[PDB]
Amino acid sequence: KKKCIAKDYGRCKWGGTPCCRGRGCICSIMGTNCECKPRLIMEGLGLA
């Protein structure tokens, strides 16, 4: 729907719908569970 996903944590794909608001489609490093996450959690919970 639309040229992106304005739904925070919105299932997305590096080869499909990215994010609207301007989130980053991050997956579980397995090309699966891809979702656009907002900039509400800078850094990376467990740093490394």
# chains A, B, ... in the order shown; residues from 1 in each chain; ligands from 1
>>> residues_around(residues="residue A:36", least_positions_apart="5", cutoff="6 Å", atoms="only C-alpha atoms", output="VMD selection string")
chain A and resid 9 to 10 12 19 23 to 25
>>> residues_around(residues="residue A:14", least_positions_apart="3", cutoff="9 Å", atoms="only C-alpha atoms", output="ChimeraX atom specification")
/A:17-18,25-27,31,34
>>> atom_distance(atom1="atom CA of residue A:48", atom2="atom CA of residue A:4")
29.0 Å
>>> select_by_dssp(residues="chain A", states="strand (DSSP E)", output="list in words")
residues 10, 11, 24, 25, 26, 35, 36 and 37 of chain A
>>> residues_around(residues="residue A:20", least_positions_apart="5", cutoff="8 Å", atoms="only C-alpha atoms", output="PyMOL selection string")
chain A and resi 3-7
>>> atom_distance(atom1="atom CA of residue A:40", atom2="atom CA of residue A:28")
18.2 Å
